[PDB]
file coords-v7.cif (mmCIF, C-alpha atoms)
data_my_file
loop_
_atom_site.group_PDB
_atom_site.id
_atom_site.type_symbol
_atom_site.label_atom_id
_atom_site.label_comp_id
_atom_site.auth_asym_id
_atom_site.auth_seq_id
_atom_site.Cartn_x
_atom_site.Cartn_y
_atom_site.Cartn_z
ATOM 1 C CA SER A 1823 22.834 17.994 24.300
ATOM 2 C CA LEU A 1824 20.487 17.840 21.323
ATOM 3 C CA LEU A 1825 17.310 16.326 22.763
ATOM 4 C CA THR A 1826 17.326 19.018 25.454
ATOM 5 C CA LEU A 1827 16.973 21.779 22.867
ATOM 6 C CA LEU A 1828 14.790 19.754 20.510
ATOM 7 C CA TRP A 1829 12.177 18.919 23.132
ATOM 8 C CA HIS A 1830 11.905 22.616 24.030
ATOM 9 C CA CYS A 1831 12.989 24.515 20.907
ATOM 10 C CA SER A 1832 10.534 26.965 19.384
ATOM 11 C CA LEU A 1833 8.300 25.160 16.904
ATOM 12 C CA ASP A 1834 9.229 27.733 14.242
ATOM 13 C CA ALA A 1835 13.018 27.510 14.494
ATOM 14 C CA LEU A 1836 12.486 23.745 14.563
ATOM 15 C CA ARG A 1837 10.954 23.856 11.084
ATOM 16 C CA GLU A 1838 13.684 26.123 9.717
ATOM 17 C CA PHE A 1839 16.589 24.162 11.179
ATOM 18 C CA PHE A 1840 15.221 20.784 10.111
ATOM 19 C CA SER A 1841 14.185 21.905 6.620
ATOM 20 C CA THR A 1842 17.780 23.076 6.326
ATOM 21 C CA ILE A 1843 18.967 19.515 6.998
ATOM 22 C CA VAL A 1844 16.231 17.264 5.590
ATOM 23 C CA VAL A 1845 18.346 15.733 2.819
ATOM 24 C CA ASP A 1846 21.407 16.244 5.031
ATOM 25 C CA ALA A 1847 19.847 13.557 7.231
ATOM 26 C CA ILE A 1848 18.255 11.451 4.482
ATOM 27 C CA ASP A 1849 21.586 10.842 2.748
ATOM 28 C CA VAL A 1850 23.544 10.032 5.905
ATOM 29 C CA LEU A 1851 20.698 7.746 6.982
ATOM 30 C CA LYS A 1852 22.116 5.225 4.505
ATOM 31 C CA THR A 1862 35.159 0.815 13.132
ATOM 32 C CA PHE A 1863 31.460 0.529 12.285
ATOM 33 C CA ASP A 1864 30.733 2.091 15.689
ATOM 34 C CA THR A 1865 30.748 5.547 14.107
ATOM 35 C CA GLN A 1866 27.949 4.586 11.714
ATOM 36 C CA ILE A 1867 25.718 3.142 14.419
ATOM 37 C CA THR A 1868 26.327 6.095 16.753
ATOM 38 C CA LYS A 1869 25.470 8.587 14.022
ATOM 39 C CA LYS A 1870 22.286 6.662 13.227
ATOM 40 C CA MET A 1871 21.527 6.622 16.963
ATOM 41 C CA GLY A 1872 21.584 10.398 16.942
ATOM 42 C CA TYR A 1873 19.650 10.608 13.687
ATOM 43 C CA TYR A 1874 16.773 8.532 15.027
ATOM 44 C CA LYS A 1875 16.829 10.411 18.333
ATOM 45 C CA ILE A 1876 16.533 13.745 16.502
ATOM 46 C CA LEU A 1877 14.080 12.759 13.750
ATOM 47 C CA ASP A 1878 11.601 11.350 16.269
ATOM 48 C CA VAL A 1879 11.523 14.677 18.121
ATOM 49 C CA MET A 1880 11.301 16.415 14.746
ATOM 50 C CA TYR A 1881 8.220 14.443 13.761
ATOM 51 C CA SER A 1882 6.656 14.922 17.205
ATOM 52 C CA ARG A 1883 5.660 18.459 16.170
ATOM 53 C CA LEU A 1884 3.475 18.334 13.036
ATOM 54 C CA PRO A 1885 3.391 17.061 9.417
ATOM 55 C CA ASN A 1909 7.236 18.806 1.040
ATOM 56 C CA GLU A 1910 6.383 15.350 -0.320
ATOM 57 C CA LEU A 1911 9.599 13.287 -0.053
ATOM 58 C CA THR A 1912 8.754 12.503 3.584
ATOM 59 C CA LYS A 1913 6.637 9.502 2.558
ATOM 60 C CA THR A 1914 9.787 7.541 1.729
ATOM 61 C CA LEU A 1915 11.490 8.190 5.066
ATOM 62 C CA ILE A 1916 9.027 5.942 6.917
ATOM 63 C CA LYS A 1917 10.309 2.789 5.245
ATOM 64 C CA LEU A 1918 13.877 4.041 5.622
ATOM 65 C CA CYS A 1919 13.441 3.697 9.383
ATOM 66 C CA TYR A 1920 11.121 0.680 9.587
ATOM 67 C CA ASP A 1921 13.622 -1.816 8.184
ATOM 68 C CA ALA A 1922 16.166 -0.315 10.586
ATOM 69 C CA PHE A 1923 14.392 -2.187 13.374
ATOM 70 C CA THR A 1924 13.205 -5.264 11.491
ATOM 71 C CA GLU A 1925 16.725 -6.692 11.166
ATOM 72 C CA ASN A 1926 17.227 -9.826 13.251
ATOM 73 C CA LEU A 1934 26.991 -5.949 20.062
ATOM 74 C CA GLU A 1935 24.461 -4.428 22.454
ATOM 75 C CA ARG A 1936 24.719 -1.337 20.254
ATOM 76 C CA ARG A 1937 22.616 -3.303 17.768
ATOM 77 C CA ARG A 1938 19.819 -3.605 20.331
ATOM 78 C CA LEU A 1939 20.134 0.091 21.165
ATOM 79 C CA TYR A 1940 19.941 0.800 17.429
ATOM 80 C CA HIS A 1941 16.763 -1.258 17.150
ATOM 81 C CA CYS A 1942 15.290 0.598 20.126
ATOM 82 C CA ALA A 1943 16.140 3.996 18.634
ATOM 83 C CA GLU B 652 -31.146 -26.848 -22.842
ATOM 84 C CA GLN B 653 -30.943 -26.506 -19.048
ATOM 85 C CA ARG B 654 -27.555 -28.234 -19.079
ATOM 86 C CA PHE B 655 -26.126 -25.520 -21.302
ATOM 87 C CA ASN B 656 -28.022 -22.998 -19.168
ATOM 88 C CA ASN B 657 -26.064 -23.951 -16.064
ATOM 89 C CA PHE B 658 -23.004 -24.170 -18.322
ATOM 90 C CA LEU B 659 -23.680 -20.556 -19.325
ATOM 91 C CA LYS B 660 -23.907 -19.581 -15.664
ATOM 92 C CA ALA B 661 -20.628 -21.367 -14.920
ATOM 93 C CA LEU B 662 -18.757 -19.858 -17.865
ATOM 94 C CA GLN B 663 -20.126 -16.377 -17.165
ATOM 95 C CA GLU B 664 -19.036 -16.461 -13.531
ATOM 96 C CA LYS B 665 -15.695 -17.983 -14.566
ATOM 97 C CA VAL B 666 -14.979 -15.200 -17.047
ATOM 98 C CA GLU B 667 -16.203 -12.652 -14.484
ATOM 99 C CA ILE B 668 -13.770 -13.841 -11.811
ATOM 100 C CA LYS B 669 -11.193 -13.852 -14.595
ATOM 101 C CA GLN B 670 -9.680 -10.429 -15.270
ATOM 102 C CA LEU B 671 -8.792 -9.684 -18.890
ATOM 103 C CA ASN B 672 -8.227 -6.633 -21.061
ATOM 104 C CA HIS B 673 -10.386 -7.921 -23.930
ATOM 105 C CA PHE B 674 -12.607 -9.570 -21.346
ATOM 106 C CA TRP B 675 -16.220 -10.768 -21.604
ATOM 107 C CA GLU B 676 -17.202 -7.218 -22.621
ATOM 108 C CA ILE B 677 -16.683 -8.308 -26.228
ATOM 109 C CA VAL B 678 -18.405 -11.582 -25.354
ATOM 110 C CA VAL B 679 -21.333 -9.803 -23.695
ATOM 111 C CA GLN B 680 -21.853 -7.263 -26.480
ATOM 112 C CA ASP B 681 -22.024 -10.279 -28.780
ATOM 113 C CA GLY B 682 -23.657 -12.326 -26.020
ATOM 114 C CA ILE B 683 -26.811 -10.337 -26.649
ATOM 115 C CA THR B 684 -28.284 -13.647 -27.893
ATOM 116 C CA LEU B 685 -29.060 -16.287 -25.255
ATOM 117 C CA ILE B 686 -26.262 -16.162 -22.693
ATOM 118 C CA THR B 687 -28.738 -17.350 -20.056
ATOM 119 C CA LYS B 688 -31.336 -20.064 -19.456
ATOM 120 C CA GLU B 689 -34.220 -20.671 -21.826
ATOM 121 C CA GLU B 690 -36.205 -23.816 -21.068
ATOM 122 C CA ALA B 691 -39.156 -22.307 -19.181
ATOM 123 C CA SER B 692 -40.025 -18.701 -19.960
ATOM 124 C CA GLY B 693 -40.578 -16.053 -17.310
ATOM 125 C CA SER B 694 -37.513 -16.960 -15.281
ATOM 126 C CA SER B 695 -35.578 -17.195 -18.552
ATOM 127 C CA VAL B 696 -36.159 -13.584 -19.603
ATOM 128 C CA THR B 697 -35.532 -12.004 -16.194
ATOM 129 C CA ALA B 698 -32.398 -14.112 -15.742
ATOM 130 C CA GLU B 699 -31.294 -12.973 -19.208
ATOM 131 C CA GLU B 700 -31.803 -9.348 -18.171
ATOM 132 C CA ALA B 701 -29.863 -9.885 -14.939
ATOM 133 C CA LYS B 702 -26.984 -11.653 -16.707
ATOM 134 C CA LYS B 703 -26.798 -9.160 -19.592
ATOM 135 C CA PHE B 704 -25.632 -6.289 -17.369
ATOM 136 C CA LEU B 705 -23.529 -8.733 -15.293
ATOM 137 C CA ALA B 706 -25.730 -8.003 -12.256
ATOM 138 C CA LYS B 708 -22.398 -1.856 -9.111
ATOM 139 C CA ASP B 709 -18.887 -0.586 -8.357
ATOM 140 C CA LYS B 710 -17.059 0.438 -5.172
ATOM 141 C CA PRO B 711 -13.412 0.050 -4.072
ATOM 142 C CA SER B 712 -12.535 -1.108 -0.569
ATOM 143 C CA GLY B 713 -9.997 -3.190 1.318
ATOM 144 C CA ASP B 714 -6.521 -2.443 2.667
ATOM 145 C CA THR B 715 -3.333 -4.385 1.877
ATOM 146 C CA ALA B 716 -4.751 -6.279 -1.105
ATOM 147 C CA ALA B 717 -2.121 -5.604 -3.791
ATOM 148 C CA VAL B 718 0.855 -7.584 -5.083
ATOM 149 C CA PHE B 719 3.613 -8.313 -2.550
ATOM 150 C CA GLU B 720 1.976 -7.051 0.673
ATOM 151 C CA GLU B 721 5.327 -5.664 1.835
ATOM 152 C CA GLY B 722 4.544 -3.112 -0.885
ATOM 153 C CA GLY B 723 0.927 -2.842 0.187
ATOM 154 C CA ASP B 724 2.097 -0.876 3.203
ATOM 155 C CA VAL B 725 4.162 1.104 0.690
ATOM 156 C CA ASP B 726 0.902 1.600 -1.193
ATOM 157 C CA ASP B 727 -0.546 2.692 2.137
ATOM 158 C CA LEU B 728 2.642 4.728 2.618
ATOM 159 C CA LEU B 729 1.921 6.770 -0.524
ATOM 160 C CA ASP B 730 -1.329 8.165 0.935
ATOM 161 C CA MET B 731 -0.041 11.232 2.786
ATOM 162 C CA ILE B 732 2.272 13.325 0.539
#

call {"tool": "encode", "arguments": {"input": "coords-v7.cif", "output": "structure tokens"}}
result
Amino acid sequence: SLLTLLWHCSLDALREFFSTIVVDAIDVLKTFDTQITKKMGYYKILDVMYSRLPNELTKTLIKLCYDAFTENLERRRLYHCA
Amino acid sequence: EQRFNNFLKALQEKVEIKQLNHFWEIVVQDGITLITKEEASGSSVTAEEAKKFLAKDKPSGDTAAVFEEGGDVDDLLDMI
């Protein structure tokens, strides 16, 4: 569902909707299948978010995703890919 | 004389590459008296002038801080 709208949503409603849920995603960014699935979705929505254009907290978020890949069952590989 | 001249060169470059708070600045402002060669004049005086002012300043170079995995973080803090 989401990526369909996100790839084609108006670049103004995009800003409003995301700015509504910036911290709502930052906090949740940090059995276990639920966690990895939610983070799947979070990566797959934040990438499309960033695809548009560039507050000041955003600087941190970069690292918060980088380590997410650098860790070294297939859901783990999908997580690294996302 | 010349032995302590090359010794002066060595100690000056050694303190230069050393980084201190109360660094050679105190030494230099008191090193206004013969911090450089004096055995044959001409070269002695010009070398003294060159060494008195330690010669320029310009910063460059990426990922050169402590703990490079924070150097990218230092690079990370450049967008706001």

call {"tool": "resolve_selection", "arguments": {"input": "coords-v7.cif", "expression": "the PyMOL selection byres ((chain A) within 9 of (chain B))", "output": "VMD selection string"}}
result
chain A and resid 1909 to 1914 1916 to 1917

call {"tool": "atom_distance", "arguments": {"input": "coords-v7.cif", "atom1": "atom CA of residue 1922 of chain A", "atom2": "atom CA of residue 1941 of chain A"}}
result
6.7 Å

call {"tool": "residues_around", "arguments": {"input": "coords-v7.cif", "residues": "segment 664-676 of chain B", "least_positions_apart": "4", "cutoff": "12 Å", "atoms": "only C-alpha atoms", "output": "PyMOL selection string"}}
result
chain B and resi 657-660+680-683+686-687+702-706

call {"tool": "resolve_selection", "arguments": {"input": "coords-v7.cif", "expression": "the PyMOL selection byres ((chain B and resi 653) around 8)", "output": "list in words"}}
result
residues 652, 654, 655, 656, 657, 688, 689 and 690 of chain B

call {"tool": "write_last_selection", "arguments": {"input": "coords-v7.cif", "atoms": "C-alpha atoms", "output": "PDB file, in the coordinates of the input"}}
result
ATOM      1  CA  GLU B 652     -31.146 -26.848 -22.842  1.00  0.00           C
ATOM      2  CA  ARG B 654     -27.555 -28.234 -19.079  1.00  0.00           C
ATOM      3  CA  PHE B 655     -26.126 -25.520 -21.302  1.00  0.00           C
ATOM      4  CA  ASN B 656     -28.022 -22.998 -19.168  1.00  0.00           C
ATOM      5  CA  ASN B 657     -26.064 -23.951 -16.064  1.00  0.00           C
ATOM      6  CA  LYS B 688     -31.336 -20.064 -19.456  1.00  0.00           C
ATOM      7  CA  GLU B 689     -34.220 -20.671 -21.826  1.00  0.00           C
ATOM      8  CA  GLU B 690     -36.205 -23.816 -21.068  1.00  0.00           C
TER       9      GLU B 690
END

call {"tool": "resolve_selection", "arguments": {"input": "coords-v7.cif", "expression": "the PyMOL selection byres ((chain A and resi 1850) around 12)", "output": "ChimeraX atom specification"}}
result
/A:1843-1849,1851-1852,1865-1874,1918

call {"tool": "write_last_selection", "arguments": {"input": "coords-v7.cif", "atoms": "C-alpha atoms", "output": "short mmCIF file (atom, residue, chain, number, x, y, z; two decimals), in the frame of the given file"}}
result
data_model
loop_
_atom_site.label_atom_id
_atom_site.label_comp_id
_atom_site.auth_asym_id
_atom_site.auth_seq_id
_atom_site.Cartn_x
_atom_site.Cartn_y
_atom_site.Cartn_z
CA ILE A 1843 18.97 19.52 7.00
CA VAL A 1844 16.23 17.26 5.59
CA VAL A 1845 18.35 15.73 2.82
CA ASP A 1846 21.41 16.24 5.03
CA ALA A 1847 19.85 13.56 7.23
CA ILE A 1848 18.26 11.45 4.48
CA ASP A 1849 21.59 10.84 2.75
CA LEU A 1851 20.70 7.75 6.98
CA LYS A 1852 22.12 5.22 4.50
CA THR A 1865 30.75 5.55 14.11
CA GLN A 1866 27.95 4.59 11.71
CA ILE A 1867 25.72 3.14 14.42
CA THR A 1868 26.33 6.10 16.75
CA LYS A 1869 25.47 8.59 14.02
CA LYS A 1870 22.29 6.66 13.23
CA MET A 1871 21.53 6.62 16.96
CA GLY A 1872 21.58 10.40 16.94
CA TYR A 1873 19.65 10.61 13.69
CA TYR A 1874 16.77 8.53 15.03
CA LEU A 1918 13.88 4.04 5.62
#

call {"tool": "atom_distance", "arguments": {"input": "coords-v7.cif", "atom1": "atom CA of residue 691 of chain B", "atom2": "atom CA of residue 708 of chain B"}}
result
28.3 Å

call {"tool": "axis_aligned_box", "arguments": {"input": "coords-v7.cif", "around": "segment 1885-1916 of chain A", "padding_each_side": "3 Å", "output": "JSON"}}
result
{"center_x": 7.4, "center_y": 12.4, "center_z": 4.5, "size_x": 14.1, "size_y": 18.9, "size_z": 15.7}

call {"tool": "decode", "arguments": {"input": "coords-v7.cif", "residues": "segment 664-693 of chain B", "atoms": "N, CA and C atoms", "output": "PDB file, in the first residue's frame"}}
result
ATOM      1  N   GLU B 664      61.756  22.310  15.320  1.00  0.00           N
ATOM      2  CA  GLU B 664      60.804  21.486  14.581  1.00  0.00           C
ATOM      3  C   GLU B 664      60.103  20.488  15.497  1.00  0.00           C
ATOM      4  N   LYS B 665      60.800  19.986  16.520  1.00  0.00           N
ATOM      5  CA  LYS B 665      60.188  19.040  17.443  1.00  0.00           C
ATOM      6  C   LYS B 665      59.087  19.696  18.265  1.00  0.00           C
ATOM      7  N   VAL B 666      59.318  20.922  18.737  1.00  0.00           N
ATOM      8  CA  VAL B 666      58.267  21.607  19.476  1.00  0.00           C
ATOM      9  C   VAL B 666      57.149  22.028  18.533  1.00  0.00           C
ATOM     10  N   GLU B 667      57.477  22.346  17.276  1.00  0.00           N
ATOM     11  CA  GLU B 667      56.446  22.698  16.306  1.00  0.00           C
ATOM     12  C   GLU B 667      55.500  21.531  16.063  1.00  0.00           C
ATOM     13  N   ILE B 668      56.053  20.353  15.759  1.00  0.00           N
ATOM     14  CA  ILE B 668      55.207  19.184  15.541  1.00  0.00           C
ATOM     15  C   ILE B 668      54.490  18.801  16.826  1.00  0.00           C
ATOM     16  N   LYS B 669      55.062  19.148  17.974  1.00  0.00           N
ATOM     17  CA  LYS B 669      54.346  19.013  19.232  1.00  0.00           C
ATOM     18  C   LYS B 669      53.268  20.082  19.336  1.00  0.00           C
ATOM     19  N   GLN B 670      52.137  19.716  19.927  1.00  0.00           N
ATOM     20  CA  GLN B 670      51.010  20.627  20.083  1.00  0.00           C
ATOM     21  C   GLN B 670      50.749  20.812  21.570  1.00  0.00           C
ATOM     22  N   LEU B 671      50.949  22.034  22.055  1.00  0.00           N
ATOM     23  CA  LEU B 671      50.808  22.352  23.465  1.00  0.00           C
ATOM     24  C   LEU B 671      49.990  23.625  23.620  1.00  0.00           C
ATOM     25  N   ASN B 672      49.396  23.785  24.804  1.00  0.00           N
ATOM     26  CA  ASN B 672      48.699  25.027  25.119  1.00  0.00           C
ATOM     27  C   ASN B 672      49.693  26.156  25.369  1.00  0.00           C
ATOM     28  N   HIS B 673      50.577  25.977  26.349  1.00  0.00           N
ATOM     29  CA  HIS B 673      51.693  26.897  26.565  1.00  0.00           C
ATOM     30  C   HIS B 673      52.893  26.456  25.726  1.00  0.00           C
ATOM     31  N   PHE B 674      52.683  26.461  24.415  1.00  0.00           N
ATOM     32  CA  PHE B 674      53.643  25.896  23.478  1.00  0.00           C
ATOM     33  C   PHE B 674      54.797  26.873  23.266  1.00  0.00           C
ATOM     34  N   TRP B 675      55.595  26.629  22.222  1.00  0.00           N
ATOM     35  CA  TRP B 675      56.801  27.405  21.960  1.00  0.00           C
ATOM     36  C   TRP B 675      56.538  28.898  21.818  1.00  0.00           C
ATOM     37  N   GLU B 676      55.272  29.325  21.787  1.00  0.00           N
ATOM     38  CA  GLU B 676      54.964  30.750  21.757  1.00  0.00           C
ATOM     39  C   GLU B 676      55.679  31.488  22.883  1.00  0.00           C
ATOM     40  N   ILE B 677      55.600  30.956  24.105  1.00  0.00           N
ATOM     41  CA  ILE B 677      56.371  31.519  25.208  1.00  0.00           C
ATOM     42  C   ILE B 677      57.858  31.384  24.921  1.00  0.00           C
ATOM     43  N   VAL B 678      58.266  30.233  24.388  1.00  0.00           N
ATOM     44  CA  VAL B 678      59.672  30.026  24.056  1.00  0.00           C
ATOM     45  C   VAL B 678      60.114  31.023  22.996  1.00  0.00           C
ATOM     46  N   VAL B 679      59.299  31.206  21.955  1.00  0.00           N
ATOM     47  CA  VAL B 679      59.687  32.084  20.853  1.00  0.00           C
ATOM     48  C   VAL B 679      59.760  33.535  21.315  1.00  0.00           C
ATOM     49  N   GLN B 680      58.750  33.995  22.061  1.00  0.00           N
ATOM     50  CA  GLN B 680      58.775  35.379  22.523  1.00  0.00           C
ATOM     51  C   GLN B 680      59.931  35.638  23.477  1.00  0.00           C
ATOM     52  N   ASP B 681      60.438  34.603  24.143  1.00  0.00           N
ATOM     53  CA  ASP B 681      61.730  34.687  24.806  1.00  0.00           C
ATOM     54  C   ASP B 681      62.870  34.194  23.930  1.00  0.00           C
ATOM     55  N   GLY B 682      62.567  33.446  22.874  1.00  0.00           N
ATOM     56  CA  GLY B 682      63.580  32.999  21.943  1.00  0.00           C
ATOM     57  C   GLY B 682      63.922  34.066  20.930  1.00  0.00           C
ATOM     58  N   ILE B 683      63.720  35.325  21.321  1.00  0.00           N
ATOM     59  CA  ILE B 683      64.143  36.448  20.500  1.00  0.00           C
ATOM     60  C   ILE B 683      65.655  36.584  20.437  1.00  0.00           C
ATOM     61  N   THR B 684      66.389  35.766  21.192  1.00  0.00           N
ATOM     62  CA  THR B 684      67.847  35.824  21.255  1.00  0.00           C
ATOM     63  C   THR B 684      68.424  34.480  20.820  1.00  0.00           C
ATOM     64  N   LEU B 685      68.833  34.399  19.552  1.00  0.00           N
ATOM     65  CA  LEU B 685      69.657  33.307  19.037  1.00  0.00           C
ATOM     66  C   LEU B 685      68.980  31.944  19.202  1.00  0.00           C
ATOM     67  N   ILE B 686      67.856  31.776  18.505  1.00  0.00           N
ATOM     68  CA  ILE B 686      67.231  30.467  18.360  1.00  0.00           C
ATOM     69  C   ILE B 686      67.655  29.781  17.069  1.00  0.00           C
ATOM     70  N   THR B 687      68.638  30.336  16.365  1.00  0.00           N
ATOM     71  CA  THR B 687      68.974  29.885  15.026  1.00  0.00           C
ATOM     72  C   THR B 687      70.497  29.933  14.900  1.00  0.00           C
ATOM     73  N   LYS B 688      71.012  29.510  13.748  1.00  0.00           N
ATOM     74  CA  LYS B 688      72.450  29.404  13.556  1.00  0.00           C
ATOM     75  C   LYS B 688      73.133  30.760  13.649  1.00  0.00           C
ATOM     76  N   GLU B 689      74.328  30.765  14.243  1.00  0.00           N
ATOM     77  CA  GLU B 689      75.245  31.894  14.098  1.00  0.00           C
ATOM     78  C   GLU B 689      76.667  31.334  14.192  1.00  0.00           C
ATOM     79  N   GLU B 690      77.217  30.989  13.050  1.00  0.00           N
ATOM     80  CA  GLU B 690      78.636  30.696  12.886  1.00  0.00           C
ATOM     81  C   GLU B 690      79.228  31.454  11.712  1.00  0.00           C
ATOM     82  N   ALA B 691      78.462  31.618  10.636  1.00  0.00           N
ATOM     83  CA  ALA B 691      78.814  32.484   9.522  1.00  0.00           C
ATOM     84  C   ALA B 691      77.633  33.408   9.276  1.00  0.00           C
ATOM     85  N   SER B 692      77.881  34.714   9.321  1.00  0.00           N
ATOM     86  CA  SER B 692      76.808  35.681   9.171  1.00  0.00           C
ATOM     87  C   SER B 692      76.241  35.638   7.751  1.00  0.00           C
ATOM     88  N   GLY B 693      75.183  36.415   7.538  1.00  0.00           N
ATOM     89  CA  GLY B 693      74.483  36.396   6.269  1.00  0.00           C
ATOM     90  C   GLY B 693      73.393  35.347   6.244  1.00  0.00           C
TER      91      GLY B 693
END
